Amino acid sequence: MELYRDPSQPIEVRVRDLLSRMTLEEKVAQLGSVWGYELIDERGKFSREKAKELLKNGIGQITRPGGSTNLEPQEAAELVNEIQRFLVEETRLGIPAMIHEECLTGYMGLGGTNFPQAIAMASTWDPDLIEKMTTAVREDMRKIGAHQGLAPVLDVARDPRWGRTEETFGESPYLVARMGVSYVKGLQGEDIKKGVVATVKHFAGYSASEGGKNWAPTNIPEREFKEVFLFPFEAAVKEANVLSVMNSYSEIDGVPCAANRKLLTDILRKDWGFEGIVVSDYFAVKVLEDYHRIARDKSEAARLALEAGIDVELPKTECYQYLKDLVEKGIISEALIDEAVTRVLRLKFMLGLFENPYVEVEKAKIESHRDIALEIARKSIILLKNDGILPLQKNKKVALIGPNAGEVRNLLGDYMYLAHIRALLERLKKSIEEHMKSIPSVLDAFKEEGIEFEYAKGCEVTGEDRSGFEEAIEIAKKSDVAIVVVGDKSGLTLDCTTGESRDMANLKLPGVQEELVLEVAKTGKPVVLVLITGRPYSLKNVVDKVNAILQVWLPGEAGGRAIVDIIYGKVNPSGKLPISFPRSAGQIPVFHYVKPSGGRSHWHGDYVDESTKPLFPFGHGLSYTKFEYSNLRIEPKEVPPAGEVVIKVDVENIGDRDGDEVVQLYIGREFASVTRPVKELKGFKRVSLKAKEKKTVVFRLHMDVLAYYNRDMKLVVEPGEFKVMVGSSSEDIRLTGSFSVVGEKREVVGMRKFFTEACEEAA
Amino acid sequence: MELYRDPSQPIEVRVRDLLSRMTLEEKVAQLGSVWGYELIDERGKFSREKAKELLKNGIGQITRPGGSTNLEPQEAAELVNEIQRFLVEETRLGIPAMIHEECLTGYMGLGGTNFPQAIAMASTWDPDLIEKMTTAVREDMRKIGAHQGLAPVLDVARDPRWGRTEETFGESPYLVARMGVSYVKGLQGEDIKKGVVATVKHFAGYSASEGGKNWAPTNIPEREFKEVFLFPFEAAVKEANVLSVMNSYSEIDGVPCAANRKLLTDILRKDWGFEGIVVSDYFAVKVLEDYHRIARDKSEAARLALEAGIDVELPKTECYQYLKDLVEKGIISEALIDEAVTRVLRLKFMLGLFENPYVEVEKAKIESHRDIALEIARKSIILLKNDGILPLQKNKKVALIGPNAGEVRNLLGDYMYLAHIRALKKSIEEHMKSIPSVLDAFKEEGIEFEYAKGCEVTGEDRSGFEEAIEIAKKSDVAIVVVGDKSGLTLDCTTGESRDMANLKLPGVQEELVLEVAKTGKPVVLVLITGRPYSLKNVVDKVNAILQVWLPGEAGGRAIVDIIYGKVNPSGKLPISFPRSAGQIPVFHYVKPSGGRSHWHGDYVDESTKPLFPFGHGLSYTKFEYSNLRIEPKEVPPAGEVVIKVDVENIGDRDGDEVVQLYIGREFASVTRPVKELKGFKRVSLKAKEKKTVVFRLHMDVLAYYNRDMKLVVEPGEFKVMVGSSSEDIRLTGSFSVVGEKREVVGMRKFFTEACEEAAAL
Ligand SMILES: CO[C@@H]1OC[C@@H](O)[C@H](O)[C@H]1O
Ligand SMILES: CO[C@@H]1OC[C@@H](O)[C@H](O)[C@H]1O
């Protein structure tokens, strides 16, 4: 047999052999893609007639065979097996396809669990739980023949106007990086032939667009770029061995990321050693012409993207077909095509596809992971305020009010299939409506818990109709407590208030929801405000008028149960904010790791009309119990520039309810050669404490973790003092101390540690 | 006599000779300063006792001998002459001082005219008038013995939250650069011995702080930095030969500007060839320690600032005295001190100070320039909206309402002396009294009106609303005059240190407007403010809106002249007005992906378009544009195109139009602005008059930075858009650059030349 077909040969040998056998047309085909829906008949069965035209010379990827066809898992598996058999048996060289799907909050197709949104995952501060989640998603994906998931999003978000805030892990490069590495490790596992390629996106800067506007310029200078935006991707590449990266739609300072070789090749491949594939964001190659106006036709767009380092044009071949013409016309060298093809073929061999590209359809039934979803939902909800009203007693009569108390659709995030696919909106409309039925409501959770309540919708999520207010106020007046549940509808269409393409300039709760809360509060009845939202909203006008506030980031299918569990104290809330909540849009940005001159206006401190401090800081989240921190140890007190310090604190649950605390480590530095954050998150640990239990939390902090870029753009650790601040939020610091680095400034070269190790031991 | 004393020797010879004669202590003293107020007794007279301690080894500069002492001009001149006599006659080498003052809106001291703020100067679009203004300031300053004025501000402002917006020339690097060069040329003149050193500030980026917050980081990437922020300074250095630069208090991406040699030396001196002095912003050296926490003590702060390229520590020696210790301890080389001292001494020789450092006290009386101030005020006011109510008839009974109608203090900007000094009580109060009020101008114009204050600028007291509503109901038209109080203290709403997050009119002024409008009477809203405010909630509720950037002493007359049509408004916005703070930033020169959210265009809750765009400004007449010519249609990469348009005043009132040229480019190797201002001309047209406006656009003017950070002109097509604002484009065409991509090296043209000529009969 040909060497490439022989599994006893090393993958490099099989790649070289296969590349040597391919025509230019076959090479270019491996750099493109076809939609799943382009390969089916009207009953969702594989169409050989359509394949003969689209797959005749092979293909790089199939885009969303499940997510784009509305097929159930076993039908999707059957379609993928038929695609693979056509490629294996009816093309000259028999190269199988790689299949991708969206999977941010679980496989995005019919039959897959809807996990809480990414911003909720981050709010758990529980990286191991997120690894458990993506290990389950891995199995769901492999069952249907999918090899690559387009997640996680490692964009660092400090601008809550942006509609994709909900898909991020928030404002902190450290927390984003740490959640990202766990996410990747769960999806990929150790041997990718048994796992799913993760795709970190959107490389890089995409969350910092001008004015918070989707695709607008992301104009970020170099040190901030390296330390804030690139850092999580760097960790994913070097520590988690991530196998795919997708580029950003935006320009950085005049250069679209899809046309930037300095970014997609020089940083990602040359400096960091990435060995996987770069896939385009959808249509990102074509819109170098149509949107950014830097390519005069599809062939120039193709050339810019290939030279930049995009290996696969998604979601369908459009410009990359012209790479054949560019070679034949002597505009680009076939060697450059070979380099991209080599990367794609290597990964296909690594995924085991030339040994076995099929799946057992009989096993393609995806299992529910409601259990994991509920654990994430229960740990992600944040208690922002509580004057003591929560937890509620079960004998109190409740007035349950607001659009998000009644409508299950609004629990869903923008990459949860039954929200996402609405962007296409009769057969599909009916299928969505049917599937929606199976997801539990907030109403259902209250009824299941046996609470006596009346429900009034109050108002819609959008619009200005206040005609439902009277009914809501009337039920409030006759109740013991009003629970007002307000917030977003997430997705990609005009009727949505958050999600990709739905950016919110002024951060007011949508519609007349704010006025609804305030009218209810005017009754004088105690008010629990529950925000079911995808972004921070300005709560300046309601915070002081309500008794408690729960932030529930778009929780997906487990949301109702977790909310009711928390309200009644069956679960003690333990989520912590992974992004600052501004007092108002005009305060943007607010974030915890400002420099000494950031987060204030000099010399009066505040704006004329507003504090410079967020309403709720990074790391904030209350509990139904109290935690007492004591006995800070920092050893040794002097370390050399590649040494390690060990920081320990004792934490005791001194209250009356069991509860988890997220202990946070912040590090500050002054008198470096550049300015540094007054405090920045550099470690954390979720610790479970029974009432009256005490434990020790231990952080092992290598100096590599503290490295920063100097005046000459070198990554350094300089001698001097580092401040250690340990506490329950970035403001609620409980114990502070310091240690010194002693010795000559160190340039940190090659591989280095990214993370503090965090453990618990007996006190 | 020693060579340095000999005026027949070349300045370089005198500098070298003097430097060779100085001790280290004398050298370091030339790099420092002392406040004017530190050298006076209780009677405002020079104190020899105080001088013996502070001036014994000479001094670089005296800070604000007029502005910090509350002396009248002739007393300030006498003080400065006595300081100079002490230096010349009682120090070993007899080196005189350079004196600086603030002068953005005129010499900032008793006796000086209060001109309209910088943002109003820009709204004139009349660079020659600004040159005329600073030529007058030059004379005022030289009369009192001042040699350097700390102006103009060339910070480009796209964030109206920032309290120093009023001190800028707005959002456009082109307009800011063009106004800046005229400003500098007027102050300095050709031979600086007869002029005043201009000080471009705050180098660079200071107007783009995080969140619009004063001194917060200005994190700007390189192409944007070079094209938007550095460009006006580059033009001032290379075209206007500016002789001083002041640094920014902010960091750029981890590096404070006062400690950044790459900025204050490598760009400014090495790349651009600047030969003057860099002066620190006030205390900017000291706060490398106290604020930015990158210097461990004052001697490290001194070393960082000297290595970066600051020549003079202002406003008083504090860290730079330790340069002596740093040399004596072998930490820095004396050669580095010598380099800075050379720059200071050169400029002192060029200013003529070793030949004559004194002024004639009998001539130190500063003349009023109310005439120039009134021309600027009349050309700077912008008519943002007019449903036809304006101009008003003089027979209509007016209800004049609002805090800014009655309070003269609120006409003043943050660097106007009688506002600034609020950060002697009888002297201030007396001088305030001499400035005409908006009330006074209505009375002088003979209008019948009643006045109701309505509310304060700040706070939430609505108890004055009833009286205002009552006078509105009894009038024909309500003229509601609202806006800022500008300055540096907590009671101020705009000005340095007074940043406004949410862009609502201060206090309950917006509610005042809306309550008055509920009467159903016509409303003319007059904004006397230092920054764009969100007008989303009032625009559709009022009949006309005038923006009056803080106009200084000529404000009342100009406003009333415009309201009644004695002057036809002709100002144009130099900065976009956002619909709301959440839309920030909005600016006219966005890339194809800027100024919109893809793919629905708008935000969920807000348009992505500003409420009023850059270049906007209405008139009481109509201008008709015709006959676009662009020649030649193909030009090589260092060629020139000539663009002509005819503009005719087709209405019934004489008026000025500001014709604007925008250039767009696509299919460059980097993304480019869909449109950006590249030329303009204020043209006067009598009713039924037609003229041709001519723009001569060298391709150098269109250069931009490519992927490799080279300044280039690339072949391709450029779109030409000529019109009455950045949105009100009246004629469009294009021309092509043909030939090989060009790297633009060395000196190049910065500006389009703009002229008028006769239109065809
Ligand atoms: C159209 O939007 C793109 O579609 C594919 C997703 O993976 C990317 O996140 C998103 O930007
Ligand atoms: C204290 O503020 C400084 O004082 C001196 C002025 O020239 C500068 O503009 C200003 O930033």
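Values below: all heavy atoms of this structure, side chains included; hydrogens, waters and symmetry mates excluded. Labels below follow one simple rule: chain letters A, B, ... track the order of the sequence lines, proteins then strands, and each chain is numbered from 1. One-based numbering, in listed order, for ligands and for the atoms of each.
For the pair B:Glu289 and B:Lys286, the salt-bridge criterion is not met [side-chain N within less than 4.0 Å of a carboxylate O]. Ion pairing between B:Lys201 and B:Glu102 holds under the 4.0 Å rule for side-chain N and carboxylate O.
Within 4.0 Å of ligand 2, protein heavy atoms belong to B:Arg64, B:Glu102, B:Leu150, B:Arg164, B:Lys201, B:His202, B:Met246, B:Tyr249, B:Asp281, B:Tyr282, B:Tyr415, B:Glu496, listed by chain and number.
Annotation: B:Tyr291 is in aromatic contact with A:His602 [ring centroid separation under 6.0 Å].
A search for salt bridge (charged side-chain N to carboxylate O under 4.0 Å, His left out) contacts involving B:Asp140 returns nothing, not counting sequence neighbours.
You'll find the side chain of B:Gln148 reaches within 4.5 Å of the side chain of B:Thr199, heavy atoms only.
A:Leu314 contributes atom CG, which lies 6.0 Å from atom OH of A:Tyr282 (distance to the nearest 0.5 angstrom).
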